[PDB]
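Engineer: What follows is my_file_2.txt; its format and atoms are compact mmCIF, N, CA and C atoms.
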```txt
# COMPACT_ATOMS: atom_id res chain seq x y z
N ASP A 1 -15.77 24.05 6.89
CA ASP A 1 -16.22 22.92 7.71
C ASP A 1 -15.05 22.06 8.18
N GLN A 2 -15.37 21.05 8.98
CA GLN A 2 -14.38 20.06 9.41
C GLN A 2 -14.49 18.80 8.56
N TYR A 3 -13.48 18.63 7.69
CA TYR A 3 -13.48 17.65 6.60
C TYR A 3 -12.65 16.40 6.90
N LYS A 4 -11.78 16.49 7.91
CA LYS A 4 -10.86 15.40 8.24
C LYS A 4 -11.55 14.14 8.78
N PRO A 5 -12.28 14.23 9.92
CA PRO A 5 -12.91 13.02 10.48
C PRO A 5 -13.75 12.24 9.47
N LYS A 6 -14.53 12.94 8.67
CA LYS A 6 -15.47 12.28 7.77
C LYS A 6 -14.82 11.65 6.55
N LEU A 7 -13.82 12.31 5.99
CA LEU A 7 -13.11 11.74 4.84
C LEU A 7 -12.20 10.61 5.30
N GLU A 8 -11.76 10.68 6.56
CA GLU A 8 -10.99 9.60 7.18
C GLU A 8 -11.84 8.36 7.30
N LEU A 9 -13.06 8.56 7.79
CA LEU A 9 -14.02 7.47 7.99
C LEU A 9 -14.45 6.90 6.64
N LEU A 10 -14.83 7.79 5.72
CA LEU A 10 -15.17 7.43 4.34
C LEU A 10 -14.07 6.61 3.68
N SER A 11 -12.82 6.86 4.08
CA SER A 11 -11.69 6.13 3.52
C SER A 11 -11.65 4.69 4.04
N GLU A 12 -11.74 4.52 5.36
CA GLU A 12 -11.76 3.19 5.96
C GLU A 12 -12.86 2.32 5.35
N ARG A 13 -14.04 2.90 5.18
CA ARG A 13 -15.17 2.17 4.65
C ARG A 13 -14.93 1.80 3.19
N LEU A 14 -14.47 2.77 2.41
CA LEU A 14 -14.12 2.53 1.02
C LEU A 14 -13.07 1.43 0.88
N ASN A 15 -12.02 1.50 1.69
CA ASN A 15 -10.95 0.52 1.64
C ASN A 15 -11.44 -0.88 2.01
N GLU A 16 -12.32 -0.97 3.01
CA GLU A 16 -12.89 -2.26 3.42
C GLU A 16 -13.67 -2.90 2.29
N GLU A 17 -14.43 -2.06 1.60
CA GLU A 17 -15.21 -2.46 0.45
C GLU A 17 -14.31 -2.90 -0.72
N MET A 18 -13.20 -2.19 -0.91
CA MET A 18 -12.25 -2.50 -1.97
C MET A 18 -11.50 -3.81 -1.69
N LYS A 19 -11.29 -4.10 -0.41
CA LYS A 19 -10.57 -5.29 0.03
C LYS A 19 -11.51 -6.48 0.13
N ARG A 20 -12.79 -6.20 0.35
CA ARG A 20 -13.84 -7.22 0.32
C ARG A 20 -13.94 -7.80 -1.09
N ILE A 21 -13.60 -6.98 -2.08
CA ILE A 21 -13.73 -7.31 -3.50
C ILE A 21 -12.41 -7.83 -4.10
N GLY A 22 -11.29 -7.38 -3.56
CA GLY A 22 -9.99 -7.71 -4.13
C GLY A 22 -9.48 -6.76 -5.21
N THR A 23 -9.82 -5.47 -5.11
CA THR A 23 -9.35 -4.48 -6.08
C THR A 23 -8.31 -3.53 -5.48
N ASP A 24 -7.09 -3.61 -5.98
CA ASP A 24 -6.01 -2.75 -5.51
C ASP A 24 -6.31 -1.27 -5.80
N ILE A 25 -7.17 -0.69 -4.96
CA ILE A 25 -7.44 0.75 -4.98
C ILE A 25 -7.47 1.24 -3.55
N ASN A 26 -6.69 2.27 -3.25
CA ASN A 26 -6.60 2.76 -1.88
C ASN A 26 -7.09 4.20 -1.66
N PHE A 27 -7.75 4.42 -0.54
CA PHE A 27 -8.23 5.74 -0.19
C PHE A 27 -7.63 6.15 1.13
N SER A 28 -7.44 7.45 1.30
CA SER A 28 -7.02 7.99 2.59
C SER A 28 -7.21 9.49 2.61
N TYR A 29 -7.33 10.05 3.81
CA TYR A 29 -7.28 11.49 3.94
C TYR A 29 -5.84 11.93 4.18
N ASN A 30 -5.33 12.80 3.31
CA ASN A 30 -4.06 13.45 3.60
C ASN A 30 -4.30 14.78 4.34
N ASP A 31 -3.73 14.90 5.54
CA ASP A 31 -3.89 16.13 6.30
C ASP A 31 -2.88 17.20 5.87
N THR A 32 -1.83 16.78 5.19
CA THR A 32 -0.82 17.71 4.70
C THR A 32 -1.31 18.47 3.46
N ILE A 33 -1.87 17.76 2.49
CA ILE A 33 -2.42 18.42 1.31
C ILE A 33 -3.92 18.72 1.41
N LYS A 34 -4.54 18.37 2.53
CA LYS A 34 -5.96 18.67 2.78
C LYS A 34 -6.88 18.18 1.67
N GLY A 35 -6.89 16.87 1.45
CA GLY A 35 -7.70 16.29 0.39
C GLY A 35 -7.87 14.78 0.49
N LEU A 36 -8.74 14.25 -0.35
CA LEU A 36 -8.87 12.81 -0.44
C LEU A 36 -7.82 12.30 -1.45
N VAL A 37 -7.11 11.23 -1.09
CA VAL A 37 -6.17 10.64 -2.02
C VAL A 37 -6.49 9.19 -2.38
N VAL A 38 -6.73 8.97 -3.67
CA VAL A 38 -6.93 7.64 -4.21
C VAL A 38 -5.64 7.18 -4.87
N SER A 39 -5.21 5.96 -4.59
CA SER A 39 -3.96 5.50 -5.16
C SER A 39 -3.98 4.03 -5.56
N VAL A 40 -3.41 3.79 -6.74
CA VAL A 40 -3.26 2.46 -7.31
C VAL A 40 -1.80 2.27 -7.72
N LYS A 41 -1.30 1.04 -7.71
CA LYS A 41 0.07 0.79 -8.19
C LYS A 41 0.04 0.42 -9.67
N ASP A 42 0.99 0.97 -10.43
CA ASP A 42 1.03 0.74 -11.88
C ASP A 42 1.65 -0.61 -12.25
N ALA A 43 2.03 -0.76 -13.51
CA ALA A 43 2.64 -2.00 -13.97
C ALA A 43 3.99 -2.29 -13.30
N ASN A 44 4.69 -1.25 -12.86
CA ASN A 44 6.01 -1.46 -12.27
C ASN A 44 6.00 -1.61 -10.75
N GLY A 45 4.81 -1.47 -10.16
CA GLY A 45 4.62 -1.62 -8.73
C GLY A 45 4.74 -0.30 -8.00
N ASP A 46 4.78 0.79 -8.77
CA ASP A 46 4.96 2.14 -8.23
C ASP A 46 3.63 2.87 -8.09
N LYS A 47 3.48 3.66 -7.02
CA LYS A 47 2.21 4.33 -6.77
C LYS A 47 1.93 5.47 -7.74
N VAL A 48 0.74 5.44 -8.35
CA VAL A 48 0.22 6.59 -9.08
C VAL A 48 -0.96 7.12 -8.27
N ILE A 49 -0.99 8.43 -8.04
CA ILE A 49 -1.99 9.01 -7.14
C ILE A 49 -2.84 10.11 -7.77
N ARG A 50 -4.05 10.26 -7.25
CA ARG A 50 -4.94 11.35 -7.63
C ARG A 50 -5.47 11.97 -6.36
N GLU A 51 -5.32 13.28 -6.23
CA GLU A 51 -5.78 13.99 -5.06
C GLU A 51 -7.02 14.78 -5.41
N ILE A 52 -7.94 14.86 -4.45
CA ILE A 52 -9.16 15.62 -4.59
C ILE A 52 -9.30 16.40 -3.29
N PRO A 53 -9.05 17.72 -3.35
CA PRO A 53 -9.07 18.52 -2.12
C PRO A 53 -10.37 18.38 -1.36
N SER A 54 -10.28 18.47 -0.03
CA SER A 54 -11.38 18.22 0.91
C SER A 54 -12.76 18.64 0.40
N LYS A 55 -12.89 19.90 0.03
CA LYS A 55 -14.19 20.46 -0.31
C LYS A 55 -14.77 19.84 -1.58
N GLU A 56 -13.94 19.69 -2.60
CA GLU A 56 -14.42 19.11 -3.85
C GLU A 56 -14.82 17.64 -3.67
N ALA A 57 -14.19 16.98 -2.69
CA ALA A 57 -14.43 15.57 -2.42
C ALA A 57 -15.77 15.34 -1.74
N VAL A 58 -16.12 16.24 -0.84
CA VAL A 58 -17.37 16.11 -0.11
C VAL A 58 -18.57 16.39 -1.03
N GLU A 59 -18.44 17.40 -1.89
CA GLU A 59 -19.46 17.69 -2.90
C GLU A 59 -19.66 16.52 -3.86
N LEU A 60 -18.55 15.90 -4.25
CA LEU A 60 -18.54 14.78 -5.19
C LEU A 60 -19.20 13.55 -4.62
N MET A 61 -18.81 13.19 -3.40
CA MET A 61 -19.47 12.10 -2.69
C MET A 61 -20.97 12.34 -2.51
N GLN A 62 -21.38 13.59 -2.36
CA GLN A 62 -22.80 13.88 -2.29
C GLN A 62 -23.54 13.72 -3.62
N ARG A 63 -22.97 14.27 -4.70
CA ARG A 63 -23.56 14.13 -6.03
C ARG A 63 -23.60 12.66 -6.47
N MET A 64 -22.62 11.88 -6.04
CA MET A 64 -22.66 10.47 -6.36
C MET A 64 -23.73 9.73 -5.55
N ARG A 65 -24.01 10.20 -4.34
CA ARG A 65 -25.05 9.58 -3.52
C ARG A 65 -26.40 9.58 -4.23
N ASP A 66 -26.76 10.72 -4.79
CA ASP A 66 -28.04 10.87 -5.48
C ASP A 66 -28.07 10.20 -6.85
N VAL A 67 -26.94 10.19 -7.54
CA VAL A 67 -26.86 9.48 -8.80
C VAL A 67 -27.04 7.99 -8.54
N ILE A 68 -26.29 7.47 -7.57
CA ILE A 68 -26.42 6.07 -7.15
C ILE A 68 -27.83 5.73 -6.65
N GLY A 69 -28.50 6.71 -6.05
CA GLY A 69 -29.86 6.51 -5.61
C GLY A 69 -30.77 6.23 -6.79
N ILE A 70 -30.81 7.14 -7.75
CA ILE A 70 -31.73 7.03 -8.89
C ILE A 70 -31.38 5.83 -9.79
N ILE A 71 -30.09 5.54 -9.93
CA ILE A 71 -29.68 4.40 -10.71
C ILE A 71 -29.96 3.05 -10.02
N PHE A 72 -29.70 2.93 -8.72
CA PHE A 72 -29.79 1.61 -8.06
C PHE A 72 -30.85 1.43 -6.96
N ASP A 73 -31.64 2.46 -6.67
CA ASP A 73 -32.58 2.38 -5.55
C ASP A 73 -34.05 2.60 -5.95
N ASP V 1 -30.05 -8.32 -12.34
CA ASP V 1 -29.09 -9.09 -13.13
C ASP V 1 -28.73 -8.42 -14.46
N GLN V 2 -29.43 -7.33 -14.79
CA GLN V 2 -29.08 -6.53 -15.96
C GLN V 2 -28.28 -5.34 -15.50
N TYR V 3 -26.99 -5.60 -15.41
CA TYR V 3 -26.02 -4.73 -14.80
C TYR V 3 -25.54 -3.68 -15.78
N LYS V 4 -25.35 -4.09 -17.03
CA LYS V 4 -24.81 -3.22 -18.08
C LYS V 4 -25.37 -1.78 -18.12
N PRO V 5 -26.71 -1.62 -18.24
CA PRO V 5 -27.19 -0.23 -18.38
C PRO V 5 -26.95 0.64 -17.15
N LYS V 6 -26.93 0.04 -15.97
CA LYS V 6 -26.77 0.83 -14.77
C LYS V 6 -25.31 1.26 -14.62
N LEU V 7 -24.40 0.36 -14.97
CA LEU V 7 -22.97 0.66 -14.92
C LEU V 7 -22.56 1.69 -15.98
N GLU V 8 -23.27 1.69 -17.10
CA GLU V 8 -22.99 2.64 -18.16
C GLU V 8 -23.39 4.05 -17.76
N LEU V 9 -24.58 4.17 -17.18
CA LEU V 9 -25.05 5.45 -16.67
C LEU V 9 -24.12 5.93 -15.59
N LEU V 10 -23.72 5.01 -14.73
CA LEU V 10 -22.88 5.37 -13.62
C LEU V 10 -21.56 5.94 -14.11
N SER V 11 -20.90 5.20 -15.00
CA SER V 11 -19.64 5.60 -15.62
C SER V 11 -19.77 6.96 -16.27
N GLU V 12 -20.85 7.15 -17.01
CA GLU V 12 -21.11 8.39 -17.70
C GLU V 12 -21.21 9.55 -16.72
N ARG V 13 -22.02 9.37 -15.68
CA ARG V 13 -22.21 10.42 -14.69
C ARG V 13 -20.94 10.59 -13.86
N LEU V 14 -20.34 9.47 -13.47
CA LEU V 14 -19.05 9.53 -12.79
C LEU V 14 -17.98 10.33 -13.55
N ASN V 15 -17.93 10.15 -14.87
CA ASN V 15 -16.96 10.85 -15.72
C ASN V 15 -17.19 12.36 -15.80
N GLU V 16 -18.45 12.75 -15.94
CA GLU V 16 -18.81 14.17 -15.89
C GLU V 16 -18.32 14.78 -14.58
N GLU V 17 -18.53 14.06 -13.49
CA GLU V 17 -18.10 14.52 -12.17
C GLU V 17 -16.58 14.63 -12.05
N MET V 18 -15.86 13.63 -12.55
CA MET V 18 -14.40 13.66 -12.49
C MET V 18 -13.87 14.84 -13.30
N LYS V 19 -14.47 15.05 -14.47
CA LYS V 19 -14.15 16.17 -15.34
C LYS V 19 -14.47 17.52 -14.67
N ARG V 20 -15.46 17.54 -13.78
CA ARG V 20 -15.84 18.75 -13.06
C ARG V 20 -14.76 19.13 -12.05
N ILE V 21 -14.14 18.12 -11.44
CA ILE V 21 -13.10 18.31 -10.44
C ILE V 21 -11.75 18.52 -11.12
N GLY V 22 -11.68 18.18 -12.40
CA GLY V 22 -10.44 18.28 -13.15
C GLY V 22 -9.46 17.24 -12.66
N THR V 23 -10.00 16.11 -12.22
CA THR V 23 -9.18 14.97 -11.84
C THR V 23 -9.20 13.95 -12.97
N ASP V 24 -8.10 13.24 -13.15
CA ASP V 24 -8.02 12.27 -14.23
C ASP V 24 -8.34 10.88 -13.73
N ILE V 25 -9.61 10.52 -13.77
CA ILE V 25 -10.06 9.17 -13.45
C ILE V 25 -11.16 8.86 -14.44
N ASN V 26 -10.99 7.81 -15.24
CA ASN V 26 -12.00 7.43 -16.22
C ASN V 26 -12.75 6.17 -15.81
N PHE V 27 -14.07 6.20 -15.97
CA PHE V 27 -14.93 5.06 -15.66
C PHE V 27 -15.61 4.61 -16.92
N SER V 28 -15.75 3.29 -17.07
CA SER V 28 -16.47 2.74 -18.21
C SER V 28 -16.94 1.32 -17.93
N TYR V 29 -18.04 0.93 -18.57
CA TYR V 29 -18.43 -0.48 -18.57
C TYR V 29 -17.79 -1.20 -19.76
N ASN V 30 -17.15 -2.33 -19.50
CA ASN V 30 -16.53 -3.11 -20.55
C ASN V 30 -17.33 -4.38 -20.87
N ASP V 31 -17.80 -4.46 -22.11
CA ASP V 31 -18.63 -5.59 -22.55
C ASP V 31 -17.87 -6.89 -22.38
N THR V 32 -16.57 -6.83 -22.63
CA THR V 32 -15.74 -8.00 -22.77
C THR V 32 -15.44 -8.67 -21.44
N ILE V 33 -14.99 -7.89 -20.46
CA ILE V 33 -14.69 -8.42 -19.14
C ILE V 33 -15.92 -8.34 -18.24
N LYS V 34 -17.01 -7.81 -18.80
CA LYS V 34 -18.30 -7.77 -18.12
C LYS V 34 -18.16 -7.14 -16.74
N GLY V 35 -17.94 -5.83 -16.70
CA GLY V 35 -17.75 -5.12 -15.45
C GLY V 35 -17.30 -3.68 -15.60
N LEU V 36 -16.85 -3.09 -14.49
CA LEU V 36 -16.41 -1.70 -14.48
C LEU V 36 -14.94 -1.65 -14.76
N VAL V 37 -14.55 -0.77 -15.67
CA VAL V 37 -13.14 -0.45 -15.84
C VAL V 37 -12.91 0.98 -15.32
N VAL V 38 -12.03 1.09 -14.33
CA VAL V 38 -11.52 2.40 -13.94
C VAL V 38 -10.04 2.52 -14.33
N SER V 39 -9.67 3.68 -14.87
CA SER V 39 -8.29 3.90 -15.31
C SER V 39 -7.72 5.24 -14.87
N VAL V 40 -6.41 5.26 -14.65
CA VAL V 40 -5.66 6.49 -14.42
C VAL V 40 -4.35 6.40 -15.20
N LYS V 41 -3.82 7.53 -15.64
CA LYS V 41 -2.55 7.57 -16.36
C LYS V 41 -1.37 7.53 -15.39
N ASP V 42 -0.39 6.68 -15.69
CA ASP V 42 0.87 6.74 -14.95
C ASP V 42 1.73 7.91 -15.44
N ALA V 43 2.96 7.97 -14.96
CA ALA V 43 3.89 9.02 -15.33
C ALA V 43 4.12 9.14 -16.85
N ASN V 44 4.03 8.03 -17.57
CA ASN V 44 4.39 8.01 -18.98
C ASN V 44 3.20 8.10 -19.94
N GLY V 45 2.01 8.29 -19.38
CA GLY V 45 0.80 8.42 -20.16
C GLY V 45 0.07 7.09 -20.38
N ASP V 46 0.60 6.03 -19.78
CA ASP V 46 0.01 4.70 -19.93
C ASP V 46 -1.09 4.43 -18.90
N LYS V 47 -2.23 3.97 -19.38
CA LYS V 47 -3.34 3.71 -18.49
C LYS V 47 -3.06 2.53 -17.56
N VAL V 48 -3.17 2.81 -16.27
CA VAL V 48 -3.25 1.80 -15.22
C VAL V 48 -4.74 1.46 -15.10
N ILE V 49 -5.08 0.18 -15.06
CA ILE V 49 -6.49 -0.16 -15.08
C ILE V 49 -6.85 -1.14 -13.96
N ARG V 50 -8.05 -0.97 -13.41
CA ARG V 50 -8.57 -1.90 -12.42
C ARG V 50 -9.96 -2.29 -12.86
N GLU V 51 -10.29 -3.56 -12.74
CA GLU V 51 -11.58 -3.98 -13.20
C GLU V 51 -12.38 -4.60 -12.08
N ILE V 52 -13.64 -4.16 -11.97
CA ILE V 52 -14.55 -4.65 -10.96
C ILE V 52 -15.73 -5.33 -11.64
N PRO V 53 -15.83 -6.66 -11.48
CA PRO V 53 -16.86 -7.46 -12.14
C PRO V 53 -18.25 -6.92 -11.86
N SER V 54 -19.09 -6.90 -12.90
CA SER V 54 -20.44 -6.32 -12.85
C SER V 54 -21.17 -6.43 -11.52
N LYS V 55 -21.35 -7.66 -11.04
CA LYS V 55 -22.11 -7.91 -9.82
C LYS V 55 -21.52 -7.20 -8.60
N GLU V 56 -20.20 -7.25 -8.46
CA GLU V 56 -19.54 -6.70 -7.28
C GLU V 56 -19.42 -5.19 -7.34
N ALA V 57 -19.54 -4.65 -8.54
CA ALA V 57 -19.49 -3.22 -8.73
C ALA V 57 -20.82 -2.66 -8.25
N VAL V 58 -21.91 -3.28 -8.68
CA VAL V 58 -23.24 -2.90 -8.23
C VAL V 58 -23.30 -2.96 -6.71
N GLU V 59 -22.86 -4.08 -6.13
CA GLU V 59 -22.68 -4.20 -4.69
C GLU V 59 -21.88 -3.04 -4.10
N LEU V 60 -20.69 -2.80 -4.64
CA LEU V 60 -19.85 -1.71 -4.16
C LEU V 60 -20.63 -0.42 -4.18
N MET V 61 -21.26 -0.14 -5.31
CA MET V 61 -21.98 1.11 -5.47
C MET V 61 -23.14 1.20 -4.49
N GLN V 62 -23.89 0.10 -4.38
CA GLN V 62 -25.06 0.06 -3.51
C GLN V 62 -24.72 0.42 -2.07
N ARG V 63 -23.71 -0.22 -1.51
CA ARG V 63 -23.45 0.01 -0.11
C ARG V 63 -22.56 1.22 0.12
N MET V 64 -22.07 1.80 -0.96
CA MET V 64 -21.37 3.07 -0.83
C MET V 64 -22.37 4.22 -0.72
N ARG V 65 -23.53 4.04 -1.34
CA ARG V 65 -24.65 4.97 -1.15
C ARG V 65 -25.00 5.10 0.32
N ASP V 66 -25.13 3.97 1.00
CA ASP V 66 -25.43 3.96 2.42
C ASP V 66 -24.42 4.68 3.30
N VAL V 67 -23.14 4.34 3.17
CA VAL V 67 -22.17 4.96 4.07
C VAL V 67 -22.05 6.46 3.79
N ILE V 68 -22.14 6.84 2.52
CA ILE V 68 -22.15 8.25 2.15
C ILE V 68 -23.35 8.93 2.81
N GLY V 69 -24.50 8.24 2.74
CA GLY V 69 -25.74 8.68 3.38
C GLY V 69 -25.53 9.01 4.85
N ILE V 70 -24.86 8.12 5.57
CA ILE V 70 -24.69 8.32 7.00
C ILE V 70 -23.68 9.42 7.29
N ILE V 71 -22.53 9.33 6.63
CA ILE V 71 -21.44 10.28 6.82
C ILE V 71 -21.82 11.70 6.39
N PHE V 72 -22.64 11.84 5.36
CA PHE V 72 -23.01 13.19 4.94
C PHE V 72 -24.47 13.59 5.23
N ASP V 73 -24.61 14.64 6.05
CA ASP V 73 -25.90 15.11 6.59
C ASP V 73 -26.66 14.07 7.43
```
Just give me the structure of the file as structure tokens.
Structural biologist:
Amino acid sequence: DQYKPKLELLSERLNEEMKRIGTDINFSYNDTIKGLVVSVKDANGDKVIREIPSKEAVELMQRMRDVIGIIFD
Amino acid sequence: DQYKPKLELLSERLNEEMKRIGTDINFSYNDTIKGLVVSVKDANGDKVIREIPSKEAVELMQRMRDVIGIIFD
């Protein structure tokens, strides 16, 4: 499938939500490693990152949608 | 206003999911700071932590369901 546009969009929305709250957590789509990248800065101000390749990320966002549904809806 | 049990379930299910992807991101509800604790290990094995207060975490989760809803299917 085409995973770039949607994970890009999902990132902007996630980041807006994170900045609405004041939590230093960043999301973005990396087109080089083909995945979602979440990043936080550690105690020294240096980036620590976690990558989740495109396909695993879309499945995960879907499973979380339904979990969030039953828990909060 | 009873945020604790929903955040605990969320953390629990979120953790199973992170473990499924083999990504290192831990979620938990903290009684003490009354909210969500997310953690990742830095280079030296030390947990970097971000905390999202109970109410705003529920908010975050709630409206993340929606955008995921729109973006996926």
Engineer: Which residues are close to region 39-46 of chain A, i.e. within 6.5 Å by all atoms listed in the file, leaving aside same-chain residues fewer than 6 positions away? Reply as a list in words.
Structural biologist: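 Counting only the stated atoms, we get residues 24, 25, 26, 27 and 28 of chain A; 48 of chain V.
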Engineer: Mind dumping the selected residues with N, CA and C atoms as an mmCIF file, in the frame of the given file?
Structural biologist:
```cif
data_model
loop_
_atom_site.group_PDB
_atom_site.id
_atom_site.type_symbol
_atom_site.label_atom_id
_atom_site.label_comp_id
_atom_site.auth_asym_id
_atom_site.auth_seq_id
_atom_site.Cartn_x
_atom_site.Cartn_y
_atom_site.Cartn_z
ATOM 1 N N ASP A 24 -7.090 -3.610 -5.980
ATOM 2 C CA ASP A 24 -6.010 -2.750 -5.510
ATOM 3 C C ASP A 24 -6.310 -1.270 -5.800
ATOM 4 N N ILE A 25 -7.170 -0.690 -4.960
ATOM 5 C CA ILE A 25 -7.440 0.750 -4.980
ATOM 6 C C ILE A 25 -7.470 1.240 -3.550
ATOM 7 N N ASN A 26 -6.690 2.270 -3.250
ATOM 8 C CA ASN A 26 -6.600 2.760 -1.880
ATOM 9 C C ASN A 26 -7.090 4.200 -1.660
ATOM 10 N N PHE A 27 -7.750 4.420 -0.540
ATOM 11 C CA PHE A 27 -8.230 5.740 -0.190
ATOM 12 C C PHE A 27 -7.630 6.150 1.130
ATOM 13 N N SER A 28 -7.440 7.450 1.300
ATOM 14 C CA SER A 28 -7.020 7.990 2.590
ATOM 15 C C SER A 28 -7.210 9.490 2.610
ATOM 16 N N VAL V 48 -3.170 2.810 -16.270
ATOM 17 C CA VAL V 48 -3.250 1.800 -15.220
ATOM 18 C C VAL V 48 -4.740 1.460 -15.100
#
```
Engineer: Give the strand (DSSP E or B) residues of chain V, as assigned by DSSP on the backbone, as a PyMOL selection string.
Structural biologist: chain V and resi 26-30+35-41+47-53
Engineer: Pairing every Cα of chain V with chain A in order, what RMSD remains after the least-squares superposition?
Structural biologist: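 It is 0.5 Å.
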Engineer: I need the helix (DSSP H, G or I) residues of chain A per DSSP on the backbone, written as a ChimeraX atom specification.
Structural biologist: /A:4-21,54-72
Engineer: For chain A versus chain V, which residues have an atom no more than 8 Å away, and what is each residue's nearest atom pair and distance in Å rounded to one decimal, using only N, CA and C atoms, chain-then-number order, as a Markdown table?
Structural biologist:
```
| residue | atom | partner | partner_atom | distance |
| --- | --- | --- | --- | --- |
| A:6 | CA | V:71 | CA | 6.4 |
| A:7 | N | V:71 | CA | 7.9 |
| A:9 | C | V:71 | CA | 7.8 |
| A:10 | CA | V:67 | C | 7.0 |
| A:13 | CA | V:67 | CA | 7.6 |
| A:14 | CA | V:64 | CA | 7.5 |
| A:17 | CA | V:60 | CA | 6.6 |
| A:18 | N | V:60 | CA | 7.4 |
| A:21 | CA | V:56 | CA | 7.0 |
| A:22 | C | V:51 | C | 7.8 |
| A:23 | CA | V:51 | C | 6.7 |
| A:24 | N | V:50 | CA | 6.8 |
| A:25 | N | V:50 | CA | 7.7 |
| A:40 | C | V:48 | CA | 7.7 |
| A:41 | C | V:48 | CA | 6.6 |
| A:42 | CA | V:48 | CA | 5.5 |
| A:43 | N | V:48 | CA | 6.1 |
| A:47 | C | V:42 | CA | 7.4 |
| A:48 | CA | V:42 | CA | 5.9 |
| A:49 | N | V:42 | CA | 7.4 |
| A:50 | CA | V:24 | N | 6.6 |
| A:51 | C | V:23 | CA | 6.8 |
| A:52 | CA | V:23 | CA | 7.3 |
| A:56 | CA | V:21 | CA | 6.8 |
| A:57 | N | V:21 | CA | 7.9 |
| A:60 | CA | V:17 | CA | 7.0 |
| A:61 | C | V:68 | CA | 6.3 |
| A:62 | N | V:68 | CA | 7.0 |
| A:64 | C | V:65 | CA | 6.5 |
| A:65 | CA | V:65 | CA | 5.2 |
| A:66 | N | V:65 | CA | 7.1 |
| A:67 | C | V:10 | CA | 7.1 |
| A:68 | CA | V:65 | CA | 6.4 |
| A:69 | N | V:65 | CA | 6.5 |
| A:71 | C | V:6 | CA | 6.1 |
| A:72 | CA | V:62 | CA | 6.7 |
| A:73 | N | V:62 | CA | 7.7 |
```
Engineer: Give me, please, the distance in Å between CA of residue 30 (chain V) and CA of residue 37 (chain A), quoted to one decimal.
Structural biologist: 25.3 Å
Engineer: Take atom N of residue 33 (chain V) and CA of residue 11 (chain V) and report the distance between them in Å, one decimal.
Structural biologist: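 Computing the Euclidean distance for atom N of residue 33 (chain V) and CA of residue 11 (chain V) yields 15.1 Å.
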Engineer: Provide the atom C of residue 16 (chain A) to atom C of residue 34 (chain V) distance in Å, to one decimal place.
Structural biologist: 20.0 Å
Engineer: Edge lengths and centre, in Å to one decimal, as JSON: that's what I need for the box along x, y and z that holds all listed atoms of region 52-67 of chain V plus 4 Å on each side.
Structural biologist:
```
{"center_x": -19.5, "center_y": -0.7, "center_z": -4.4, "size_x": 19.8, "size_y": 22.4, "size_z": 25.0}
```
